[PDB]
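Everything below concerns the one structure shown next.
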Number of protein chains: 4
Amino acid sequence: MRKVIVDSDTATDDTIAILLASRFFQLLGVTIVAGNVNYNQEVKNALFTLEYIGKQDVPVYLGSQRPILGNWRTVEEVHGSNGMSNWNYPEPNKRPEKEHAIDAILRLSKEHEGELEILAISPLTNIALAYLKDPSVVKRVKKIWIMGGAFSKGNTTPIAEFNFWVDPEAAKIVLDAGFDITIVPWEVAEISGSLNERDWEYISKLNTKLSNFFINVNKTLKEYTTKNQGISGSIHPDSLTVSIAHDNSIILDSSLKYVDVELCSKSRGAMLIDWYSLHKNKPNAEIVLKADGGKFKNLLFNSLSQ
Amino acid sequence: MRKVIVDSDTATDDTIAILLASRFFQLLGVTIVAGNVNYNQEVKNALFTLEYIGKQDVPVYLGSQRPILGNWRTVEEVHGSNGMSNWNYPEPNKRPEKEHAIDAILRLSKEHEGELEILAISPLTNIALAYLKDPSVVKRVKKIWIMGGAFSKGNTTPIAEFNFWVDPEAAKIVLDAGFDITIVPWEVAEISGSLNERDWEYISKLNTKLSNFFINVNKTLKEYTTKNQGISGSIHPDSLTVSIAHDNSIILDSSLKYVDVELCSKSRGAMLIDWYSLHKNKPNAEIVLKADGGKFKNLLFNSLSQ
Amino acid sequence: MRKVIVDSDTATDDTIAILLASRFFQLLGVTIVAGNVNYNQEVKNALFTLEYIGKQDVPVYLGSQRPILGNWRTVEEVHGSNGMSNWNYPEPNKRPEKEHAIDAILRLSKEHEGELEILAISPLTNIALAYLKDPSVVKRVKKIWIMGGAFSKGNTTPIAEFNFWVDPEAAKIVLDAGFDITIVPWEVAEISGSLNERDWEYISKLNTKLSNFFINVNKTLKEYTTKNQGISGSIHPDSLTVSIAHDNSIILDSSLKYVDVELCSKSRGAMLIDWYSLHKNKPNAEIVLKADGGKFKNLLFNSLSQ
Amino acid sequence: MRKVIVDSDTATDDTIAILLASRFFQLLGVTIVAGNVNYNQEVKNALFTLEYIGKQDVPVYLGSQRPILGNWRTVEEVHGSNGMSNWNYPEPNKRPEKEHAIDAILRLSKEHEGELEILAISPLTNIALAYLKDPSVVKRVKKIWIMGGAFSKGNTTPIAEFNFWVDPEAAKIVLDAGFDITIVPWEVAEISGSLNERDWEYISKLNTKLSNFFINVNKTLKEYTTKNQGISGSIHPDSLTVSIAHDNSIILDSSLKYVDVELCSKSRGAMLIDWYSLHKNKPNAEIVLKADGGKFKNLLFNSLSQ
Ligand SMILES: [Ca+2]
Ligand SMILES: [Ca+2]
Ligand SMILES: [Ca+2]
Ligand SMILES: [Ca+2]
């Protein structure tokens with residue numbers, strides 16, 4: 001079985017991404033990073049999630065409580081005040097581990113050398129800081145699956161997607177490190193990570209433990225997505241990314257390009273792609289261009305059905 | 001008949017755009033700006049074009065020989081050394097007018113108040129500088145049709161399109177002046193402004209004065225486009241824009257959005273679009289999202305067969 | 001007698017600079033630009049000053065009501081709401097000319113070719129725009145004296161001085177056009193263009209038409225300076241610049257350097273100087289490094305007394 | 001005795017600063033960071049230095065071999081290709097420690113809680129990365145003495161000083177962390193850290209083991225300073241900073257201000273100081289404005305004359 005770490009800013013769809021990761025892979029741990037909502041709450045949400053889903057022995061490690069330069073805002077309008085659509089859930093009794101996420105990533109990369117894969121469904125701060133501490137980590141990590149970036153439809157600024165915007169320095173460091181990277185950008189999630197009202201009716205009538213979990217945590221994500229898309233639905237970028245890592249045929253089309261990240265001015269966080277290979281930098285990532293949404297929906301439905 | 005000025009950095013497709021404008025509209029003048037190739041050469045290309053096509057009475061006005069900040073390069077690799085695919089064409093008799101483009105635009109905006117339309121198929125320098133000279137011009141201009149910008153597929157930098165990149169300051173000034181603007185971006189021209197090998201075979205067989213002009217002036221544009229697209233053909237952004245101006249049904253989909261232009265850093269020239277309307281500036285341009293390439297092709301074919 | 005135009009964002013010390021210029025030089029005109037206070041108020045201040053000081057036949061030309069990119073704010077906290085320390089002065093009957101400042105600058109550059117000097121005591125918008133309209137103006141202007149920039153002690157941002165901050169694009173354009181340029185920076189004004197409490201004691205006892213004008217127009221500038229310097233007095237950058245132009249021996253030390261202006265990020269407006277000549281752009285301006293404050297004070301007191 | 005770590009990009013004057021530190025303080029360790037010359041050569045220089053000056057037991061820890069963003073260049077023209085003015089010095093026995101500088105800084109911050117001072121005479125990368133790993137380190141570090149920044153006379157770009165230019169991100173991080181910081185900027189070193197021809201004559205005549213080391217290691221620094229300053233001499237910013245830390249009376253004037261670092265554009269690495277307290281961030285550093293060069297020269301001479 002393939003071995004993963006999920007690096008998460010735990011709220012809403014990140015929780016479903018962990019759920020899915022715990023079924024498809026040997027989940028060696030969940031590392032926490034600043035992003036979506038208050039960090040302590042993110043940590044609470046991850047521990048509760050792993051407990052609820054019967055994976056109490058997956059360790060949670062605390063990582064950076066800020067991006068490298070400390071410039072971001074939380075998005076409670078998308079995820080709820082608690083990152084769980086204000087579902088007042090029962091306090092978990094699971095606790096985090098002592099080891100820092102940076103130390104854990106570096107350790108797990110030695111123990112599982114050549115096999116470790118990272119599902120990076122958050123700002124890239126922990127991975128960038130691990131790499132700066134020990135650059136030989138690139139020898140040992142098999143693959144990184146990154147949710148982030150946008151071609152043009154920034155969801156946070158006009159141009160920038162949330163993860164890259166929170167920590168563009170981290171994104172830049174990770175992209176030029178020399179990892180094997182596939183990137184799942186926002187536009188691909190918007191189309192292929194989408195659920196419509198009938199998909200919601202169907203999940204809602206499942207009345208399983210995991211289906212009620214899904215409805216409960218993602219209520220605010222659906223409200224927000226419905227507002228911005230102008231049709232009832234929700235968008236699930238981290239679940240899609242985890243599904244693609246597992247089943248690579250969910251990728252219908254992709255390209256190997258040189259991907260850069262703007263650090264400055266109004267365009268801070270922008271994903272800059274040398275589409276025409278005119279600028280003499282070597283390709284550093286596979287960018288997903290089209291994905292199979294039906295196939296994601298069925299993996300998701302199946303996991304909530306169990 | 002509708003009344004237009006064409007503002008052009010005259011090379012390759014610009015000349016066909018001028019041809020089309022002169023058939024579809026009352027062409028009140030061609031204003032010349034820095035961009036594609038050496039300025040004095042652009043002037044010659046426009047004077048030659050206007051004589052060759054039987055429009056020798058249309059005046060040519062010299063505008064700015066640099067963008068506002070003077071930061072650009074010419075792109076002889078696309079247009080040829082002379083902006084006409086190295087066709088050594090005969091020197092025309094026609095000379096430019098003495099009146100500066102800026103003074104001509106403002107003067108014509110009063111003579112033709114409420115009717116003057118601008119076909120902006122070049123860096124926006126002359127339009128910006130006329131506005132800074134007399135901001136009341138906004139009240140007298142009916143419409144500006146702009147070829148510029150990219151969503152993601154920058155043709156000059158990884159993110160920036162040529163016209164926007166050459167004079168980003170000018171583009172920002174024009175976009176925020178208060179004109180009624182429609183923008184035709186690079187991705188739309190790449191799809192719906194394109195001609196394939198069978199189209200080129202047809203055009204060469206027409207064997208008219210105009211069809212031979214088209215083949216001669218555009219050879220290098222075909223070579224350049226063929227290399228960068230990986231399939232034989234040529235892309236005609238300025239001709240497509242003029243065609244859209246003429247027949248608005250060529251617009252299949254568009255959206256009124258707030259468009260901003262990055263002035264700084266690696267992303268200078270980038271077209272920033274508030275797609276989800278999250279950022280509190282009201283929309284300022286109709287962005288064309290999909291065009292009818294077949295309808296454009298027929299307009300071009302008709303024009304060249306005269 | 002040397003021939004000058006004063007380009008002014010007319011508030012407080014600008015009016016004293018206009019006074020001195022009219023006594024020291026043949027004052028061919030005053031051009032108005034956006035900057036210190038509301039533009040229409042600046043015009044009224046310039047009209048009033050010229051009438052009050054017996055120079056009613058010096059023409060006032062309206063230039064740009066915004067800097068090139070339109071990004072600034074007025075500083076009523078320094079100059080009073082009306083740019084005259086809230087002196088509700090009587091309406092003058094002098095009117096401005098019809099001719100735009102850009103057109104007047106270019107015309108006067110031809111009528112006074114090789115002699116015309118510009119006293120640039122404001123953001124540099126009008127001069128930059130005249131240059132972009134007709135770059136041959138650099139063959140016709142004898143000299144530009146610029147009040148602008150700071151080494152480190154930004155008076156508007158941490159690093160940027162007001163004039164350069166308001167229109168950094170214009171500053172960059174003017175510095176690279178090829179004029180003969182001397183710059184009086186903020187730190188030199190702060191030291192050598194300052195008046196102390198004993199100086200104000202003296203001026204307020206003179207009881208002349210001009211001394212009463214000085215006291216009335218500069219009251220708020222003294223309040224502001226005293227708050228920001230921690231000791232009673234005022235700073236007179238424009239009057240010092242006009243005085244240096246007149247009597248060059250007031251320059252005690254200066255250097256010919258390559259000077260650049262930052263357009264981007266937190267440092268927007270910063271004056272960048274290649275002090276060690278390490279960067280391969282040839283020098284473009286004389287930077288004043290030390291001035292004779294005593295000689296300035298004596299010139300001011302003499303003028304105010306006569 | 002006061003206890004210090006020296007954080008150094010070891011070449012030329014860093015070696016003398018290490019020497020001074022070893023005499024004035026309990027020197028707990030030298031940490032190495034990328035900057036001045038090739039990183040592996042810097043490690044060799046620190047090892048040789050400590051061995052040669054009789055401090056074999058001072059541990060050397062390898063830190064980051066790049067700034068956070070990996071954007072810099074070495075300056076072999078100032079320090080020589082080996083960072084020791086091409087002195088082919090004999091290879092020492094001493095080898096570095098295994099522990100990473102980041103870990104050692106954090107460890108020594110606990111071991112010497114409330115007493116540890118850092119002599120930060122290089123780009124600030126190791127300190128920033130230690131802080132991001134464990135933000136509580138601020139509670140435990142007593143003081144940081146930073147050599148870095150320029151008011152206007154950038155020695156690397158027109159505005160930026162080398163250390164701040166190499167890692168502006170790290171500088172920003174360190175400045176806002178909440179440490180007790182005194183900064184010694186370039187202009188202060190240039191005046192008060194300077195040695196003239198007579199000082200060099202005196203030092204060569206000392207003919208001690210230490211005086212020969214100084215003359216040998218700093219030859220290229222003298223050659224570079226002499227061409228760029230136009231007077232025979234050398235500049236010793238790191239040795240001045242260590243001297244100031246030791247004898248605080250060497251500070252003749254200083255100011256408590258809010259200090260910022262530019263990360264973008266032509267001004268990247270610029271030190272931005274809120275001189276007038278206009279911008280509502282609380283002060284974060286003591287900035288040295290004038291130093292006692294006479295006192296500095298005697299500490300140096302005493303160090304060399306033994
Ligand atoms: Ca996430
Ligand atoms: Ca064009
Ligand atoms: Ca002024
Ligand atoms: Ca150093």
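Identifiers in the structure tokens: chain A, B, ... in order shown; residue index from 1 per chain; ligand index from 1 in order shown.
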Interface list for chain C, partner chain B, 7 Å threshold, only C-alpha atoms, as number ranges by chain: C: 69, 173, 264
Those residues you just picked out, can you put them in a file as an mmCIF file, in the first residue's frame with N, CA and C atoms?
data_model
loop_
_atom_site.group_PDB
_atom_site.id
_atom_site.type_symbol
_atom_site.label_atom_id
_atom_site.label_comp_id
_atom_site.auth_asym_id
_atom_site.auth_seq_id
_atom_site.Cartn_x
_atom_site.Cartn_y
_atom_site.Cartn_z
ATOM 1 N N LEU C 69 -0.610 58.151 -12.813
ATOM 2 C CA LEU C 69 -1.407 57.020 -12.390
ATOM 3 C C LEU C 69 -2.538 57.340 -11.434
ATOM 4 N N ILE C 173 10.502 59.493 -15.671
ATOM 5 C CA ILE C 173 10.521 60.044 -17.031
ATOM 6 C C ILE C 173 11.408 61.282 -17.159
ATOM 7 N N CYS C 264 7.366 50.742 -7.366
ATOM 8 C CA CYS C 264 6.623 49.593 -6.846
ATOM 9 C C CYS C 264 6.748 49.386 -5.335
#
All residues having an atom within 12 Å of ligand 1 (only C-alpha atoms and all ligand atoms) as JSON, numbers by chain: {"A": [6, 7, 8, 9, 10, 11, 12, 13, 14, 15, 16, 17, 18, 31, 32, 33, 34, 35, 36, 37, 42, 46, 74, 75, 78, 79, 83, 119, 120, 121, 122, 123, 124, 146, 147, 148, 161, 162, 163, 164, 166, 186, 235, 236, 237, 238, 239, 240, 241, 242]}
Please produce an output containing C-alpha atoms for each residue in the selection, written as a PDB file, in the first residue's frame.
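To be explicit, this is the file written out as selection.pdb:
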ATOM      1  CA  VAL A   6      -1.652  14.761   4.766  1.00  0.00           C
ATOM      2  CA  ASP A   7      -0.474  18.393   5.359  1.00  0.00           C
ATOM      3  CA  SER A   8      -3.656  20.237   6.224  1.00  0.00           C
ATOM      4  CA  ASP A   9      -5.153  23.520   7.391  1.00  0.00           C
ATOM      5  CA  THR A  10      -8.033  21.549   8.743  1.00  0.00           C
ATOM      6  CA  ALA A  11     -11.508  22.791   7.929  1.00  0.00           C
ATOM      7  CA  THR A  12     -14.541  21.612   5.895  1.00  0.00           C
ATOM      8  CA  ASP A  13     -13.254  19.694   2.816  1.00  0.00           C
ATOM      9  CA  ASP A  14      -9.825  19.046   4.392  1.00  0.00           C
ATOM     10  CA  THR A  15     -11.665  16.654   6.830  1.00  0.00           C
ATOM     11  CA  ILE A  16     -13.181  14.700   3.947  1.00  0.00           C
ATOM     12  CA  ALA A  17      -9.733  14.691   2.326  1.00  0.00           C
ATOM     13  CA  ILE A  18      -8.284  13.056   5.500  1.00  0.00           C
ATOM     14  CA  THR A  31       0.536  17.704   9.912  1.00  0.00           C
ATOM     15  CA  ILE A  32      -1.178  21.019  10.724  1.00  0.00           C
ATOM     16  CA  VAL A  33      -0.441  24.445   9.094  1.00  0.00           C
ATOM     17  CA  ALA A  34      -1.850  27.939   9.279  1.00  0.00           C
ATOM     18  CA  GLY A  35      -4.445  28.797   6.634  1.00  0.00           C
ATOM     19  CA  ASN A  36      -8.211  28.322   6.658  1.00  0.00           C
ATOM     20  CA  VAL A  37      -9.200  29.111  10.230  1.00  0.00           C
ATOM     21  CA  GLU A  42      -7.676  23.465  12.933  1.00  0.00           C
ATOM     22  CA  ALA A  46      -8.168  17.178  12.725  1.00  0.00           C
ATOM     23  CA  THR A  74      -8.522  33.275   7.819  1.00  0.00           C
ATOM     24  CA  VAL A  75     -11.608  32.537   5.760  1.00  0.00           C
ATOM     25  CA  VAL A  78     -16.191  29.840   3.666  1.00  0.00           C
ATOM     26  CA  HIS A  79     -15.662  27.293   6.480  1.00  0.00           C
ATOM     27  CA  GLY A  83     -13.891  25.487  10.289  1.00  0.00           C
ATOM     28  CA  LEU A 119      -0.786  15.206   0.070  1.00  0.00           C
ATOM     29  CA  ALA A 120      -0.339  18.970   0.383  1.00  0.00           C
ATOM     30  CA  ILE A 121      -3.907  20.353   0.729  1.00  0.00           C
ATOM     31  CA  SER A 122      -2.882  23.564   2.423  1.00  0.00           C
ATOM     32  CA  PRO A 123      -0.309  26.402   2.236  1.00  0.00           C
ATOM     33  CA  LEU A 124       3.075  24.826   1.717  1.00  0.00           C
ATOM     34  CA  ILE A 146      -0.434  19.824  -4.372  1.00  0.00           C
ATOM     35  CA  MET A 147      -3.772  21.478  -4.303  1.00  0.00           C
ATOM     36  CA  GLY A 148      -3.149  25.095  -5.240  1.00  0.00           C
ATOM     37  CA  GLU A 161      -5.679  30.970  -5.131  1.00  0.00           C
ATOM     38  CA  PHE A 162      -5.782  30.642  -1.339  1.00  0.00           C
ATOM     39  CA  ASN A 163      -2.961  28.190  -0.589  1.00  0.00           C
ATOM     40  CA  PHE A 164      -0.427  29.900  -2.819  1.00  0.00           C
ATOM     41  CA  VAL A 166      -1.146  32.498   2.111  1.00  0.00           C
ATOM     42  CA  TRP A 186      -8.534  25.743  -8.580  1.00  0.00           C
ATOM     43  CA  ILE A 235     -16.544  22.556  -4.306  1.00  0.00           C
ATOM     44  CA  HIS A 236     -14.109  19.986  -2.870  1.00  0.00           C
ATOM     45  CA  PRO A 237     -10.533  20.718  -3.987  1.00  0.00           C
ATOM     46  CA  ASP A 238      -8.642  18.726  -1.320  1.00  0.00           C
ATOM     47  CA  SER A 239     -10.937  15.631  -1.663  1.00  0.00           C
ATOM     48  CA  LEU A 240     -10.411  15.823  -5.448  1.00  0.00           C
ATOM     49  CA  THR A 241      -6.629  16.051  -5.008  1.00  0.00           C
ATOM     50  CA  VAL A 242      -6.524  13.042  -2.634  1.00  0.00           C
TER      51      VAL A 242
END
For region 21-25 of chain C: contacts at 7 Å, only C-alpha atoms, fewer than 2 positions along chain excluded, given as a PyMOL selection string: chain C and resi 1-4+17-19+27+242+246
Residue selection dump (N, CA, C and O atoms) as a tab-separated table (two decimals), in the first residue's frame:
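What landed in result_11.tsv:
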chain	number	residue	atom	x	y	z
C	1	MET	N	18.35	88.84	-17.71
C	1	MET	CA	17.78	88.22	-16.47
C	1	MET	C	17.37	86.87	-16.94
C	1	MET	O	16.80	86.74	-18.03
C	2	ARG	N	17.61	85.87	-16.12
C	2	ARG	CA	17.26	84.51	-16.49
C	2	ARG	C	15.76	84.36	-16.55
C	2	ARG	O	15.01	85.07	-15.87
C	3	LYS	N	15.32	83.40	-17.36
C	3	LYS	CA	13.92	83.22	-17.65
C	3	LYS	C	13.47	81.90	-17.07
C	3	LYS	O	14.09	80.90	-17.35
C	4	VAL	N	12.37	81.93	-16.33
C	4	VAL	CA	11.86	80.74	-15.65
C	4	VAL	C	10.32	80.59	-15.75
C	4	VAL	O	9.57	81.56	-15.94
C	17	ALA	N	7.91	80.64	-2.76
C	17	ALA	CA	8.80	80.30	-3.86
C	17	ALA	C	8.44	81.11	-5.13
C	17	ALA	O	9.33	81.65	-5.83
C	18	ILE	N	7.13	81.22	-5.42
C	18	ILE	CA	6.62	82.03	-6.52
C	18	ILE	C	7.03	83.52	-6.31
C	18	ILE	O	7.53	84.15	-7.23
C	19	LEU	N	6.82	84.05	-5.11
C	19	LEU	CA	7.32	85.42	-4.75
C	19	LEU	C	8.81	85.61	-5.08
C	19	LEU	O	9.21	86.51	-5.81
C	27	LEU	N	9.78	85.94	-14.62
C	27	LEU	CA	8.86	84.83	-14.40
C	27	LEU	C	7.87	84.77	-15.56
C	27	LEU	O	6.98	85.62	-15.69
C	242	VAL	N	14.29	77.63	-5.06
C	242	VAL	CA	14.29	78.84	-5.96
C	242	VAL	C	15.51	79.70	-5.65
C	242	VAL	O	16.17	80.24	-6.59
C	246	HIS	N	18.81	80.70	-8.04
C	246	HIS	CA	19.18	82.13	-8.19
C	246	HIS	C	20.64	82.35	-7.83
C	246	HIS	O	21.36	82.98	-8.58
All strand (DSSP E or B) residues (DSSP, backbone) inside region 24-161 of chain C, as a PyMOL selection string: chain C and resi 26-32+60-62+116-120+143-147
Could you write those residues out with N, CA and C atoms, as a short mmCIF file (atom, residue, chain, number, x, y, z; two decimals), in the first residue's frame?
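Generated output (part07.cif):
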data_model
loop_
_atom_site.label_atom_id
_atom_site.label_comp_id
_atom_site.auth_asym_id
_atom_site.auth_seq_id
_atom_site.Cartn_x
_atom_site.Cartn_y
_atom_site.Cartn_z
N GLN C 26 12.96 86.65 -14.61
CA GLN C 26 11.81 86.99 -15.47
C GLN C 26 10.86 85.79 -15.37
N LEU C 27 9.78 85.94 -14.62
CA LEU C 27 8.86 84.83 -14.40
C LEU C 27 7.87 84.77 -15.56
N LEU C 28 8.06 83.80 -16.44
CA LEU C 28 7.30 83.72 -17.67
C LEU C 28 5.92 83.08 -17.45
N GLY C 29 5.71 82.43 -16.32
CA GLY C 29 4.45 81.78 -16.08
C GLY C 29 4.50 80.84 -14.92
N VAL C 30 3.33 80.55 -14.38
CA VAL C 30 3.18 79.55 -13.34
C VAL C 30 2.27 78.45 -13.86
N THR C 31 2.72 77.21 -13.75
CA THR C 31 1.90 76.08 -14.22
C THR C 31 1.46 75.33 -12.96
N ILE C 32 0.24 74.78 -12.99
CA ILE C 32 -0.36 74.17 -11.83
C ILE C 32 -0.48 72.66 -12.03
N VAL C 60 -1.10 82.22 -15.46
CA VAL C 60 -1.30 80.91 -14.81
C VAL C 60 -1.91 79.90 -15.81
N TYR C 61 -1.23 78.76 -16.00
CA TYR C 61 -1.70 77.73 -16.89
C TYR C 61 -2.07 76.48 -16.06
N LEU C 62 -3.25 75.96 -16.33
CA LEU C 62 -3.70 74.73 -15.69
C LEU C 62 -3.03 73.53 -16.38
N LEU C 116 15.19 78.97 -21.39
CA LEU C 116 14.13 78.63 -20.44
C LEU C 116 14.61 77.66 -19.33
N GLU C 117 14.39 78.05 -18.09
CA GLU C 117 14.65 77.18 -16.93
C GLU C 117 13.33 76.90 -16.21
N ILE C 118 13.25 75.70 -15.65
CA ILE C 118 12.07 75.26 -14.99
C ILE C 118 12.41 75.08 -13.51
N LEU C 119 11.60 75.73 -12.70
CA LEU C 119 11.63 75.62 -11.27
C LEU C 119 10.48 74.64 -10.92
N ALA C 120 10.89 73.40 -10.77
CA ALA C 120 10.00 72.27 -10.54
C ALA C 120 9.86 71.99 -9.06
N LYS C 143 17.70 74.24 -18.25
CA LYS C 143 17.94 73.68 -16.90
C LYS C 143 16.63 73.40 -16.20
N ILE C 144 16.57 72.28 -15.48
CA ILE C 144 15.49 72.04 -14.50
C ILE C 144 16.07 71.97 -13.07
N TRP C 145 15.51 72.77 -12.18
CA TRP C 145 15.79 72.73 -10.74
C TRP C 145 14.61 72.01 -10.06
N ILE C 146 14.90 70.86 -9.45
CA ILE C 146 13.88 70.01 -8.86
C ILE C 146 13.99 69.99 -7.36
N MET C 147 12.88 70.28 -6.68
CA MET C 147 12.72 69.96 -5.27
C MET C 147 12.05 68.59 -5.23
#
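Coordinates place CA of residue 299 (chain C) at a distance of 12.3 Å from CA of residue 249 (chain C).
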Alpha helix (DSSP H) residues, from DSSP on the backbone, in region 42-207 of chain C, as a ChimeraX atom specification: /C:42-52,76-79,101-111,125-133,162-166,168-176,186-192,197-206
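Separating CA of residue 271 (chain C) from CA of residue 175 (chain C) is a distance of 11.0 Å.
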Computed interatomic separation between CA of residue 194 (chain C) and CA of residue 233 (chain C) (Å): 6.9 Å
Counting only C-alpha atoms, the option among A:153, A:55, A:139, A:73 closest to residue 270 (chain A): A:153
Shell around residue 87 (chain B) at 10 Å using only C-alpha atoms, local window under 6 positions removed, as an MDAnalysis selection string: chainID B and resid 80:81 213 216:220
Limited to N, CA, C and O atoms, could you put the picked residues into a file as a PDB file, in the first residue's frame?
ATOM      1  N   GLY B  80       8.914  39.747 -38.699  1.00  0.00           N
ATOM      2  CA  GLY B  80      10.008  40.071 -39.619  1.00  0.00           C
ATOM      3  C   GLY B  80      10.687  41.386 -39.268  1.00  0.00           C
ATOM      4  O   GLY B  80      10.139  42.204 -38.508  1.00  0.00           O
ATOM      5  N   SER B  81      11.890  41.593 -39.809  1.00  0.00           N
ATOM      6  CA  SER B  81      12.705  42.803 -39.504  1.00  0.00           C
ATOM      7  C   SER B  81      11.983  44.090 -39.814  1.00  0.00           C
ATOM      8  O   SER B  81      12.090  45.069 -39.064  1.00  0.00           O
ATOM      9  N   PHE B 213      -1.155  40.394 -50.996  1.00  0.00           N
ATOM     10  CA  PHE B 213      -0.718  41.239 -49.851  1.00  0.00           C
ATOM     11  C   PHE B 213      -0.755  40.432 -48.536  1.00  0.00           C
ATOM     12  O   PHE B 213       0.220  40.403 -47.796  1.00  0.00           O
ATOM     13  N   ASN B 216       1.949  37.845 -48.423  1.00  0.00           N
ATOM     14  CA  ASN B 216       3.297  38.403 -48.378  1.00  0.00           C
ATOM     15  C   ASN B 216       3.588  38.932 -46.955  1.00  0.00           C
ATOM     16  O   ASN B 216       4.613  38.556 -46.354  1.00  0.00           O
ATOM     17  N   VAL B 217       2.658  39.705 -46.401  1.00  0.00           N
ATOM     18  CA  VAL B 217       2.929  40.440 -45.130  1.00  0.00           C
ATOM     19  C   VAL B 217       2.948  39.490 -43.924  1.00  0.00           C
ATOM     20  O   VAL B 217       3.632  39.769 -42.935  1.00  0.00           O
ATOM     21  N   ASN B 218       2.222  38.362 -44.018  1.00  0.00           N
ATOM     22  CA  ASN B 218       2.046  37.457 -42.904  1.00  0.00           C
ATOM     23  C   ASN B 218       2.889  36.168 -42.864  1.00  0.00           C
ATOM     24  O   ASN B 218       2.737  35.357 -41.958  1.00  0.00           O
ATOM     25  N   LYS B 219       3.814  35.987 -43.803  1.00  0.00           N
ATOM     26  CA  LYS B 219       4.637  34.784 -43.828  1.00  0.00           C
ATOM     27  C   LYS B 219       5.351  34.495 -42.518  1.00  0.00           C
ATOM     28  O   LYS B 219       5.374  33.354 -42.071  1.00  0.00           O
ATOM     29  N   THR B 220       5.914  35.523 -41.886  1.00  0.00           N
ATOM     30  CA  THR B 220       6.721  35.310 -40.676  1.00  0.00           C
ATOM     31  C   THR B 220       5.800  35.030 -39.476  1.00  0.00           C
ATOM     32  O   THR B 220       6.123  34.237 -38.589  1.00  0.00           O
TER      33      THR B 220
END
Selection near residue 191 (chain D), 12 Å with only C-alpha atoms, sequence-local residues under 4 positions removed, as a PyMOL selection string: chain D and resi 184-187+195-196+229+233-237+240+289-294+296-297
